[PDB]
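Just below is one structure, and these are the notes that go with it.
Chain A is the first sequence line, chain B the second, and so forth, proteins listed ahead of strands; every chain is numbered from 1. Both backbone and side-chain heavy atoms feed into the values below; hydrogens, waters and symmetry mates do not.
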Amino acid sequence: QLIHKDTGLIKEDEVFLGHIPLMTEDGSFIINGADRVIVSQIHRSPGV
Amino acid sequence: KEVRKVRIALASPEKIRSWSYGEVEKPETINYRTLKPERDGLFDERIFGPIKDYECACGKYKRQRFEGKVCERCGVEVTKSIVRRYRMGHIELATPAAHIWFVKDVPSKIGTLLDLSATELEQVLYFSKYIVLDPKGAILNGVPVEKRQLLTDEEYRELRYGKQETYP
Amino acid sequence: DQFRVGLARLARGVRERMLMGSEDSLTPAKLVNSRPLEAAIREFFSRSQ
Amino acid sequence: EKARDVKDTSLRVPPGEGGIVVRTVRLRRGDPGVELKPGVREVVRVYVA
Amino acid sequence: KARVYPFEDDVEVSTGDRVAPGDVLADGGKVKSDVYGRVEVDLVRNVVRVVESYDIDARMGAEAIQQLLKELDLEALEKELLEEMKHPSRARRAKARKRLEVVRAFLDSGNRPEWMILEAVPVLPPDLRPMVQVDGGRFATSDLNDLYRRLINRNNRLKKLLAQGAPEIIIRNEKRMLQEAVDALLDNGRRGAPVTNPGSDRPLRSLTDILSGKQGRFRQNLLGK
Amino acid sequence: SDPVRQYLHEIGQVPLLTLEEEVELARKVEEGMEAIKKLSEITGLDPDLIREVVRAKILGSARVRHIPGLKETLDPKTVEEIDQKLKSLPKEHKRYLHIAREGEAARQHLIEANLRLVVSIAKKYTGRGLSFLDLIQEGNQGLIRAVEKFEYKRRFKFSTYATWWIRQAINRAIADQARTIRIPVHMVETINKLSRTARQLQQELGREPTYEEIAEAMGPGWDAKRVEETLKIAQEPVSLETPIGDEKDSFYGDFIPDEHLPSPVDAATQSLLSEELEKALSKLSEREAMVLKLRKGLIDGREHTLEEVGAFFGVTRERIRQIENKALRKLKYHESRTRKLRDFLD
Amino acid sequence: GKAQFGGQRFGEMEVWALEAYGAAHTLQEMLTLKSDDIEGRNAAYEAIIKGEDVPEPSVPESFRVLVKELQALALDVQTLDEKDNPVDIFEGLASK
RNA sequence: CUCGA
DNA sequence: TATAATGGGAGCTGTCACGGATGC
DNA sequence: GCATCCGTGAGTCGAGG
Ligand SMILES: [Mg+2]
Ligand SMILES: [Zn+2]
């Protein structure tokens, strides 16, 4: 929604943002026809 | 003759120009609809040579009979296309530019010759400070300007255009 | 994370469009260019390590 | 003999490969559900088991 | 900080002109110059004003550097460095030696120091930085072409800016950008941020990158094939 | 270290004009140009030359270069001759010279004072194929144009008129430089319109549009084929140094064969062809073989007419044509007999 | 690569092996006729299909590439004979 | 990048 | 071609040994 | 005379994509 502070005018709309890849039942993706897997990454945890 | 040695040396501007077959004046590559090299651009057959063996750009000459002949209509030498691997071009700079190898390879060769530190050479080369070539009897803070002196922007402006100020 | 990056780029585009154009006839659709978001996602799923 | 206008640019079995053809897929421009990348008239896929 | 000089007759100097003491300002030579400075002819106030300033030659960039390098007399400097080698302090002998090695390198080679500054930038043959059409009919090209195009654009814009009498800040900026463009062409990443193509973090492959390293020309194409 | 920071500092050195200072400078510039016109009227010289001499004196000896339009090469000698031709004028005439000088000075100061506006505008055109500094410089050119075209009589602020020329310059720059394969500005506008239209269509369709839908949305004169051809012509090249696995592994260029140079096989085939053709030609008399060679271009690289070969051997064109025919006939006979040249026909 | 019908890489270490064997001609062959010598490889193929012995190799193309790329860095690399007189490896094709 | 020696 | 508009905006950083200007 | 910042190397080939 778009709001002008002075006018008080409010315009609202549902906008299309594109697509998001879906994970298959088995935990993988299909990207441009080919099955792919996003491998988990280990890193140093945030903190002090 | 037999190759026995290989020498390497600095190239002078004149040497470079002697290598060149033409100046590249336009940042253009090829034409967007003909897919042929643009004139005076990075792929120009006028400069670097013909794309096809023994054939000018327009097509007035298409055989080996004409060899060394430079077409008058399109300005392309009738020769082997292989020369597009060998013929150099050049770009004539409006202002001189330092060859970074002789600047950043520490210690700087240029900086060593002129007794300039890396910081000073950087400040001059990338336009952060001026350097004096002829003081012309100038005076800064009482002490007269000595040659090869490092002036800031404020100092140089005060010395070259004078001191002044506006008060509201 | 990549979604967040793409969204940030989209937002920059949004403010950029808010500075321009007619100031009374602006719809969400006019301000939002989705291309950088789609690009970030596509980049993640295609060319991420 | 007049030299022909066109030449052989066919897809052939590479050295050391081959077998039995089990599937073909043909995608043509100007046909339902089909839109290839710009300039591409058609794409053919052959599966060899 | 200026000196005023009123005039009742035709003035001999115009605005901008640089002036030394004992210079003919106006009135056929009656009123002259006291200090060093720049001329501001005030027609309203009817006065020749002189803002105190010298006609210094202080330059910036590879123009200045090239000048100083051209001025160098190698043999004299060699003499002085030899005198510096006779010094007791070990450090001064070290520095003098290090300098004298460069000096004598130039002396013995026959190379001129100023040649370390470029006036004409060479352009590699196009077949070594090709623009080729791939299988699908699309085009692939070397980064060198983009580096060269950056260079040419900045150079041409510089020539136009000089042709149209642009101010100092603008020309300085353009020259700086030109130097950086040459630096990107020869050795991208060596100074400052590496040049990248739009929509990518990948540094463009410069002339230095082509030669050196495990993927460089020597190891990848000459010592093995 | 950071060129942008440095430039913003150098820009920060020059203070922003007040309305009065601005108007004053603009006035001085306008009257300066008028003065150059008057000096052209009096001296009979070229306004351009006079402008260049005045500008030369204002700037200094540091910047004295040849101007493209000038019929005379601008060197300190000539500018001194012209400056002495100007200084040798009567008072009321010599006045315009001072007017002009102060005009140029005001010009410089006006640009330099208005270098910030260019930045404030140019910062909105990033990510379009041109560096920030490049955008700034082009915008600066636009600013110069604005300075030279501005008119203070209309009581409009200089920023208003400058912004237009600055935007014009930046946009022109982007449309002229952003692509490696240069595309004419009008075509660039068409391509960008096509893009905006496709994007609107996808924004309304919840998917990317077909060529057909784009054509529909583009109006009359546009069909699917034209959309496709436009998109095809708009395609930018990819880098040969694009990495395939990682930076230390492979480059796209490594997978591209050279199609130009003849392979060893092709070269050897051509060689064997020449040799076999000479072999076959040796079975003819020297004249018929030579006539064939001249008519097919195996000698001096070009095929002669029947009149040229005929004049070369000293016979009628009909005669030489008949000799060519009998030569060919013998070649066909021998070839049918030995079948040594068939395989080269592909 | 097999897909591009490619050749095996004869790397630095393989070269070292040939050097250690003193197999100078085998090595030079790998360097020239077998890879990147255009006149050399063409003539070698033709000679072999003719049943003749392979000819003497000449300059590898990647060395010409090296020379040109050094020229692009404003360095003048010159092949000289024993009398210190320049020898043109580009056969006049690059000299005006 | 992942795999192999 | 004229309302006025006037200083950017990226930035996670877990190795190692040497030659170097330096610069403490 | 001694700690500090910078630039540079860090196995091979082969395969997939
Ligand atoms: Mg239509
Ligand atoms: Zn021609």
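- One side chain, F/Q177 or F/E138, offers a donor N or O that lies under 3.5 Å from an acceptor on the other.
- Spacing between atom CD1 of F/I244 and atom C1' of H/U2 amounts to 15 Å, rounded to whole angstrom units.
- A distance of about 10 Å separates the P atoms of J/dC5 and I/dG23, rounded to the whole Å.
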Quick one: which protein N/O atoms are closer than 3.5 Å to N/O atoms of nucleotides 5-11 of chain I? Pair and distance per line, please.
residue, atom, partner, partner atom, Å
I/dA5, OP1, F/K157, NZ, 3.4
I/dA5, OP2, F/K157, NZ, 3.3
I/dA5, OP2, F/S159, OG, 2.8
I/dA5, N7, F/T163, OG1, 3.3
I/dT6, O2, F/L117, N, 3.0
I/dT6, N3, F/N114, OD1, 2.6
I/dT6, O4, F/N114, OD1, 2.9
I/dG7, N7, F/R116, NH1, 2.7
I/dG7, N3, F/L8, O, 3.3
I/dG8, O6, F/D2, OD2, 3.3
I/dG8, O6, F/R5, NE, 3.2
I/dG8, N1, F/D2, OD2, 2.4
I/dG8, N2, F/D2, OD2, 3.2

Practice problem: Step by step, work out the side-chain contact (heavy atoms from CB on, under 4.5 Å) result for E/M177 and E/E174. | Solution: CA-CA 5 Å; E/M177 293 167 51; E/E174 192 62 27; 4.2 Å; yes

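- Residue-level contact check: E/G213 touches neither bases nor backbone, having no heavy atom under 4.0 Å from any strand.
- Within the 4.0 angstrom heavy-atom criterion, no nucleotide atom of any strand lies near E/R191.
- Put simply, E/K214 has a side-chain N or O that comes within less than 4.0 Å of OP1 or OP2 on J/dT12.
- With respect to the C1'-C2'-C3'-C4' torsion, I/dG14 shows a south sugar, the value lying on the negative side.
- Checking the phosphate oxygens (OP1, OP2) of I/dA2, no side-chain nitrogen or oxygen of F/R154 falls inside 4.0 Å.
- Nucleotide I/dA10 carries a north sugar; the sign of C1'-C2'-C3'-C4' is positive.
- In this structure, G/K2 reaches the sugar-phosphate backbone alone: every heavy-atom distance under 4.0 Å involves primed, P, OP1 or OP2 atoms, never a base.
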Exercise. Check the pair F/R167, F/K124 against side-chain contact (heavy atoms from CB on, under 4.5 Å), reporting the backbone distance first and the verdict last.
Key: CA-CA 10 Å; F/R167 292 195 202 277; F/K124 300 176 298 175; 3.2 Å; yes

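- Here I/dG19 has a south sugar; its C1'-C2'-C3'-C4' angle has a minus sign.
- When distances are taken from the side chain of G/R9 to each of J/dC13, J/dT8, H/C1, the shortest belongs to J/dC13.
- With rounding to whole Å, B/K104 atom NZ is found 14 Å from J/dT8 atom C1'.
- In this entry the distance linking CH2 of B/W101 with P of J/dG7 reads 17 Å, nearest Å.
- Taking atom CD1 of residue A/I42 and atom P of nucleotide I/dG14, one finds them 17 Å apart after rounding to whole Å.
- Taking the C1' atoms as reference points, J/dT8 lies 13 Å from I/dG20, given to the whole Å.
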Practice problem: I would like to know whether F/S131 and E/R154 meet side-chain contact (heavy atoms from CB on, under 4.5 Å); could you show each step before the answer? | Solution: CA-CA 11 Å; F/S131 170; E/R154 288 176 178 181; 4.2 Å; yes

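- Protein atom CD of E/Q215 is 17 Å distant from nucleotide atom P of J/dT8, rounded to whole Å.
- Between the side chain of E/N188 and the backbone N or O of E/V195, at least one donor-acceptor pair lies under 3.5 Å.
- Among H/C1, I/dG14, I/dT22, the nucleotide with an atom closest to any side-chain atom of B/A118 is I/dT22.
- Taking atom P in both I/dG8 and J/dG17, the straight-line distance is 49 Å, to the nearest Å.
- Checking side-chain atoms of F/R116 against main-chain N and O of F/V14 turns up a donor-acceptor pair under 3.5 Å.
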Quiz prompt | Secondary-structure string, 5' to 3', Watson-Crick or G-U under 3.5 Å, | for another-strand partners, for DNA chain J | solution = ||.........|||||.

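- Comparing J/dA15 with I/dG14, their P atoms sit 37 Å apart, to the nearest whole Å.
- Comparing the P positions of I/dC12 and J/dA10 gives an interatomic distance of 28 Å, to the nearest angstrom.
- In this structure, G/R9 does not pair ionically with G/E14, as no charged nitrogen and carboxylate oxygen lie closer than 4.0 Å.
- A salt bridge is absent between E/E84 and E/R99; no separation between the charged side-chain nitrogens and carboxylate oxygens falls under 4.0 Å.
- In this pair, F/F150 and F/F158 present their aromatic rings perpendicular. The plane angle is above 60°, beyond the 30 to 60° band.
- A straight line from CD of E/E101 to P of I/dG20 spans 11 Å, rounded to a whole angstrom.
- The six-membered rings of I/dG7 and its strand neighbour I/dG8 do not satisfy centres under 5.5 Å apart together with planes under 30°, so the two bases count as unstacked.
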Exercise. Quick one: do F/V147 and F/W165 satisfy side-chain contact (heavy atoms from CB on, under 4.5 Å)? Show the steps, please.
Key: CA-CA 10 Å; F/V147 151; F/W165 285 95; over 6 Å; no

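- With J/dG14, J/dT12, J/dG16 as the candidates, the nucleotide lying closest to the side chain of F/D249 is J/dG16.
- In summary, the side chains of A/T24 and A/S28 do present a donor paired with an acceptor at a separation below 3.5 Å, with no hydrogens or angles considered.
- Nucleic acid contact class of F/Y7 (heavy atoms, under 4.0 Å, all strands): none.
- With both pairing distances under 3.5 Å, I/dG20 is matched to nothing as a Watson-Crick or G-U wobble pair.
- Heavy atoms of E/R219 sit under 4.0 angstrom from primed sugar atoms or phosphate atoms, though from no base atom.
- A negative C1'-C2'-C3'-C4' dihedral is found for the sugar of I/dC18, placing it in the south range.
- Looking at B/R157 and B/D153, a side-chain N of the basic residue comes within less than 4.0 Å of a carboxylate O on the acidic one, giving a salt bridge.
- Closest contact between the side chain of F/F255 and the listed nucleotides J/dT12, I/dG20, J/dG17 involves J/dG17.
- Under the 3.5 Å distance criterion, with hydrogens and angles disregarded, a donor-acceptor pair is assigned to the side chains of E/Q179 and E/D183.
- Distance, F/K149 NZ to I/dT1 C1': 8 Å, rounded to whole Å.
- Here J/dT4 has a south sugar; its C1'-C2'-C3'-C4' angle has a minus sign.
- Taking atom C1' on both J/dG14 and I/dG11, the two are 40 Å apart, rounded to the nearest angstrom.
- Counting to the nearest Å, the P atom of J/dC6 and the CZ atom of E/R190 are 12 Å from each other.
- For the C1' atoms, the distance from I/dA21 to J/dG7 is 12 Å, rounded to whole Å.
- Counting non-hydrogen atoms under 4.0 angstrom, F/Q168 reaches nothing in the nucleic acid.
- Contact check, E/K98 against I/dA21: a side-chain N or O comes under 4.0 Å of OP1 or OP2.
- Nucleotides J/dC13 and I/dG9 have their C1' atoms positioned 46 Å apart, rounded to a whole Å.
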